[PDB]
Amino acid sequence: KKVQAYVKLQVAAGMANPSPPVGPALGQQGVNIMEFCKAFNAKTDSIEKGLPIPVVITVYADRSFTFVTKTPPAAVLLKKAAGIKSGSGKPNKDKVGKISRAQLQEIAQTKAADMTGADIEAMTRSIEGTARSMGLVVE
Amino acid sequence: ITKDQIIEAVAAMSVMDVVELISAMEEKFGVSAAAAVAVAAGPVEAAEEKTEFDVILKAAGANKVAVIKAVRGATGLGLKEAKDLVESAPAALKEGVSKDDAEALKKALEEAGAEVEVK
Amino acid sequence: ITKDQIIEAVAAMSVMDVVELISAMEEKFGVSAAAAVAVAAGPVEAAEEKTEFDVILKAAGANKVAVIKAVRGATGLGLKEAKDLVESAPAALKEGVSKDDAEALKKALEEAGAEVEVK
RNA sequence: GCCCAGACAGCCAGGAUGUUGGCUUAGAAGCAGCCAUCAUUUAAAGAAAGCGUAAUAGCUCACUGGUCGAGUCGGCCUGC
């Protein structure tokens, strides 16, 4: 009851095994990667197959695990706003896509609950700091 | 109660106890009639003394995060609301908190390794 | 001067004074250096103490029955419970209410001829 | 040139948020490699100087406070 671990990140909706990259990881902390697999790609079904959503997962007190699929939009639509497939090897030299001012406040607000900052102008920025180091032009 | 007794009672009341008090008189008597107590109550030298509660951040610990995290969790700030004031420490982490709350806040910060003093 | 003495000295000045000190430090040290002082200052609970609401009865006056009536209507307490909360004036008439509520609440007590206080 | 606004080193506690930056890669998530290296939250935290993982994690450093407490640091030249 006192033994507990905690940590988990963005897992592609649908991918789990084999061991690499998700094997001894969260596999030597109490929980096994036998199940917990079909206990991820059986809850994250009805969304976007290409959505690396980071589900928060504790560990155990017995042997089992837990699950909570939070909320991308945020990260996605940001890569899929200036070509996610074809990107620039050296971003800052050339471009890949473009976005309007409207679609600047769009990916904004829709992540305020994770993104941190007061005033919308402070939100419109930072994402403008995250603007581009991956092709895409500001204007 | 005796007028003198009332005067002493007000002196004991925390400025919090007197603020809502003057605003209170304001509702009935009105801003006009309640102005007497409002102007006389304010001089509770809470400002003229530089005091007492609050959670002053004397020190915090070589790393932000831990400290700021607690700050962010206690106040609620992004990346320019508890990262341009929590350092010098503008000890005003929070205001108008009871002794227990201020004590609890101090603990959380100390856990993050913040040398806090409670005025 | 002793650091402890300085701390006490600071906790003695008046709003105006500290603003003069933190400003002087800023001009001498700088926004970066003098930062470490424009901090311990601010928390001079001028606003922290007050900008928060609970109703509290200071006195019922000569109209005890009248005050009780209002109490019985706001709290809903029985006659015995009400009078017991009015006589000794156990303060807290009702807490957890907003500004307007705690405000208006008293706008129903003093009319009965009672001196109220909100903390 | 720096010195009594006690710093530079110990010890305590602290090294974040978008983000696992992108691309690439079976995987690379500060730390294979290829490019950049911005901003949001503060006294102070490099999209990260090392150890470490299969990839995470974990552990240090840089940066700054508390505590510990006086000259130090860079450089030129000469005698043996």
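The rules behind these values
- Residues numbered from 1 in each chain as written, not as in the entry; some residues may be left out.
- Chains lettered and ligands numbered in written order.
- Part of a larger assembly, values for the part shown.
- Heavy atoms only, no water.
- Helix = DSSP H or I, 4+ residues; strand = E, 2+ residues; numbered from the N terminus.
- Rg over C-alpha atoms; globule rule 2.2 N^0.38 Å.
- Buried < 20%, exposed > 50% of the residue type's maximum accessible area, 1.4 Å probe, protein only.
- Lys, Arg positive; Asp, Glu negative; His and termini not counted.
- Charge placed at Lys NZ, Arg CZ, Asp CG, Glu CD.
- Salt bridge = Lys/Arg side-chain N within 4 Å of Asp/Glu carboxyl O.
- Axes fitted to C-alpha atoms, helices over the stretch in contact; angles between N-to-C directions.
- Parallel < 35°, antiparallel > 145°, perpendicular 65-115°, else oblique.
- Left-handed = near helix turned anticlockwise from the far one by under 90°.
- Contact = heavy atoms within 4.5 Å.

Per the deposition metadata, cryo-EM was the technique used to determine this entry, at a resolution of 15 Å.

Chemist: Would you mind going over the overall build of chain A with me for this structure?
Modeler: In terms of helices and strands, chain A carries two helices and zero strands. By the compact-globule yardstick of 14 Å for 139 residues, chain A is too spread out, its C-alpha radius of gyration being 18 Å. Evaluated residue by residue, chain A yields a buried proportion of 28% over its 139 residues. Taking the average place of the 19 positive charges on the side chains of chain A and the average place of its 11 negative ones, the gap between the two points comes to 5 Å.

Chemist: Just checking my understanding: could you explain unusual backbone geometry for this structure?
Modeler: When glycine is set aside, most residues are seen to have a negative phi, and most peptide bonds are trans. Here the bond from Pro20 of chain A into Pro21 of chain A is cis, since omega is 0°, no more than 30 degrees from zero. Inspection of the secondary structure assignment puts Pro21 of chain A in the segment before α1 (102-105). Cis rather than trans, the peptide bond between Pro72 of chain A and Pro73 of chain A has omega equal to 0°. Counting through the fold element by element, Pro73 of chain A comes out in the segment before α1. In this model, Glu45 of chain B sits at a positive phi of 30°, which is unusual for a non-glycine residue. Classification of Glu45 of chain B by relative accessible area gives partly exposed; the value is 41%. We note that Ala91 of chain C has phi near 60°; this positive angle belongs to a residue other than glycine. Counting through the fold element by element, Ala91 of chain C comes out in strand β2 (residues 91-94). Note on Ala91 of chain C: relative accessible area 19%, which makes it buried.

Chemist: Where do I start with the pattern of salt bridges in this structure?
Modeler: Working definition: two side chains of opposite charge can pair if their charged atoms are close together. Applying the stated criterion across every chain, the model contains eleven salt bridges over all chains. Close ionic contact of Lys28 of chain B with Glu111 of chain C constitutes a salt bridge, the shortest N to O distance being 3.2 Å. Here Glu111 of chain C lies in the loop between α5 (99-106) and β3 (115-118) and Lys28 of chain B lies in helix α2 (residues 15-28), a pairing that spans two chains. The exposure class assigned to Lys28 of chain B is buried, which follows from its relative accessible area of 11%. Assessed through its relative accessible area of 56%, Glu111 of chain C is described here as exposed. For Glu52 of chain C, the salt bridge identified is with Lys50 of chain C, shortest N-O distance 3.9 Å. Residue classification places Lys50 of chain C among the partly exposed residues on the basis of a relative accessible area of 24%. Residues participating in the shared-partner salt-bridge network are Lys58, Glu115, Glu117 and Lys119 of chain B.

Chemist: Sorry if this is basic, but what is going on with the packing of α2 of chain B against α5 of chain C here?
Modeler: A pair of packed helices is captured by two measures, namely the crossing angle of their axes and the spacing between those axes. The interhelical angle for the contact between α2 of chain B and α5 of chain C, taken along N-to-C directions, is 60°, at an axis separation of 8 Å. In terms of orientation, α2 of chain B and α5 of chain C fall into the oblique class. For α2 of chain B against α5 of chain C, the interelement crossing comes out right-handed. For the pair α2 of chain B and α5 of chain C, the contacting residues are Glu20, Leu21, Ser23, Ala24, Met25, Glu26, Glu27 and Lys28 of chain B in the first and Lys99, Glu103, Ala104 and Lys106 of chain C in the second.

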